[PDB]
Amino acid sequence: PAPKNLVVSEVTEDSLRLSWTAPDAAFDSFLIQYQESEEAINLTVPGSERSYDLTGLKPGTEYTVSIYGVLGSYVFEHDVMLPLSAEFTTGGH
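Position one of the sequence shown corresponds to residue 1 (the working numbering), numbered consecutively onward.
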């Protein structure tokens, strides 16, 4: 029971739309942790969300984005060892 299929769309020079899949009402919320590949930011959103628009980013920059399904105050040990994770690069130069 995990979030799957992290994809990006609506890529611009300072924004990226993230999208993922998870089984209906399996998690209370998701933790989205991102930073430039190399200070990390933690976003939390309701468990019914399957997309988020990351804004305020730098042009031509690669980010590391991890999404963790949250039950109560917990994340699965498997999901910490192998999170839904990906690098994405903004538009521009």
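C-beta atoms are modelled at their ideal positions from N, C-alpha and C, and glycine is treated no differently.
Under 6 Å: does the beta carbon of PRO83 sit that close to some heavy atom of the ligand ATP?
Judged by which ligands are present, the structure shown has none, so any question about the ligand ATP falls away.
Tell me whether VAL80 sits in a helix, a strand or coil according to DSSP, three-state version.
Residue 80 sits at position 80 when you count from the first residue of the sequence shown. In this structure, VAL80 counts as helix in the three-state DSSP scheme.
Measuring only the C-alpha atoms, how far is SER37 from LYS58?
Within the sequence shown, residue 37 is the residue found at index 37, counting from 1. Within the sequence shown, residue 58 is the residue found at index 58, counting from 1. The straight-line gap from Cα to Cα measures roughly 12 Å.
Per DSSP, what kind of secondary structure is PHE30 in: helix, strand or coil?
In the sequence shown, residue 30 corresponds to position 30, counting from 1. Of the three classes helix, strand and coil, the one that applies to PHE30 here is strand, per DSSP.
For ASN5: DSSP bridge partner residues:
Taking the first residue of the sequence shown as 1, we reach residue 5 at position 5. In the DSSP output, where bridge partners are listed per residue, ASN5 has none listed.
Comparing alpha-carbon positions, which option in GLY47, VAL7, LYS4 and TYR63 lies nearest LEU71?
The residue labelled residue 71 in the question sits at position 71 within the sequence shown. Ranking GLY47, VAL7, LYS4 and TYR63 by Cα distance to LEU71 puts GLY47 first.
Return the residue from the list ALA26, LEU82 and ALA40 that minimises the CA-CA distance to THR64.
For this step, residue 64 is matched to residue 64 along the sequence shown. Minimum Cα distance to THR64 is reached at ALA40.
Option in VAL8, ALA2 and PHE30 with minimal Cα separation from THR55:
Counted from its first residue, the sequence shown places residue 55 at position 55. For the residues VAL8, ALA2 and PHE30, the minimum Cα distance to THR55 belongs to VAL8.
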